[PDB]
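The structure appears right after this line, and notes come after that.
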Ligand SMILES: CC(C)Oc1cccc(CN2CCC3(CC2)C(NC2CCCCC2)=NC(=O)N3c2cccc(F)c2)c1
């Protein structure tokens, strides 16, 4: 294919995120950068930290321009503080261009960097609406599209580690079957609408507004499938019932306890498949994505294979994280305001699937206002 040099440009450690090499400044300083479709800032470690193997040294970059404004980005699990500036940026195993982009030089952080993750910064691929300090700080992808002829689309194949980030197009070697698209509801996070949920083909039977309360997003930076409290409770009750051939402690379903099996004896067949139906591109038409227990039971790094249940509770809406994305080739078609899913080219009884079309009425009522 024409995008062959972008294939296998991602690396990662299981549950620690997927990262791409990015070259900043002059002379070049290459760093490993987390690919994050759930945020909109490009930021790099720019001072020593015990979890960083390398960091950005602004004084060595002749093309660095200080914006003379600080920036702070806070989350429930971690945060960072830094200084704004601009510098030349290229992605050596990405598009053949160099752009001048905003870059936040992280000088201090709290529980942000991960010990042994091998990444030193973050590439926020979402929209300006959620950029810090505000929506006037142009995100990296926006700069790329404004400054070059690279088409306004990227696609991710996260292999549950390595993967591919294809910038400016779609690589047909990365998927099988058809690509099915769901609208991007609003350009802030990559917001989508979930219209039905099934556990082993059995409808969870919740009002669909609950699945998207207060939003549903596609986020390569989040490990789990995160569900709103009411949905999480019903989903666990159904998964437990479907996996009744084996009993697990209550804490396992809450991610407080792990369960380990003798190497290669994991009874995948006892756990159910989970299907999320997404709003399609035509009136009353939907499609579904189906994930296996190999996606939602995450290995924790012996003669025993330990797993963590990777479906968890959220109070800020549904988050379709790496648990969801790992089964699929995901196209972030910004130009057409849509997200595409297809079966990823990366057991003997079941496979992840993308199927359609289905008829689903009143899907417009599923969204939060
Ligand atoms: C691979 C993950 C586990 O590790 C990291 C580490 C850093 C950044 C990210 C990307 N990324 C950063 C933001 C994220 C998810 C993961 C988050 N997103 C929510 C924002 C509001 C809407 C709903 C989604 N809430 C958190 O506390 N996060 C977090 C999670 C872990 C650490 C952290 F500091 C923040 C991920």
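We count from 1, first residue shown onward.
Structure method, as recorded: X-ray crystallography, 1.7 Å.
Note that Cβ sites are derived from N, Cα and C of the backbone, with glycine treated the same way.
These come from Swiss-Prot:
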ACT_SITE  36  active site
MOD_RES   69  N6-acetyllysine
CARBOHYD  96  N-linked glycosylation site
CARBOHYD  115  N-linked glycosylation site
DISULFID  159-346  disulfide bond
MOD_RES   205  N6-acetyllysine
DISULFID  208-366  disulfide bond
MOD_RES   209  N6-acetyllysine
MOD_RES   215  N6-acetyllysine
ACT_SITE  219  active site
MOD_RES   229  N6-acetyllysine
MOD_RES   230  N6-acetyllysine
MOD_RES   237  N6-acetyllysine
DISULFID  260-306  disulfide bond
CARBOHYD  284  N-linked glycosylation site
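Distance (Cα-Cα) between residue 346 and residue 347, which enclose 3 unmodelled residues in the deposited structure, is 12 Å. Proximity to ligand 1 (Cβ under 6 Å from any of its atoms) holds for these recorded positions out of 36, 159, 209, 366: 36.
Across the unmodelled stretch of 13 residues from residue 160 to residue 161, the Cα-to-Cα distance comes to 6 Å.
Checked against residue 284 (N-linked glycosylation site) by C-alpha proximity, the recorded positions 96, 115, 230, 260, 346 yield 230 as the nearest.
Once Cβ contacts within 10 Å are tallied over all protein chains shown, the modified residues 69, 215, 230, 237 are led by 215. Cα separation, residue 115 (N-linked glycosylation site) to residue 96 (N-linked glycosylation site), rounded: 32 Å.
For the 4-residue gap in the deposited structure, the Cα of residue 301 and the Cα of residue 302 are 9 Å apart, rounded to a whole number.
When each of the glycosylation sites 96, 115, 284 is scored by how many other Cβ atoms sit within 10 Å of its Cβ, 115 comes out lowest. In the three-state DSSP scheme, residue 69 (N6-acetyllysine) is classed as strand. Highest local Cβ density among the disulfide-bonded residues 159, 366 belongs to 366, counted as other Cβ atoms within 10 Å over all protein chains shown. According to DSSP, residue 159 (disulfide bond) sits within a strand segment.
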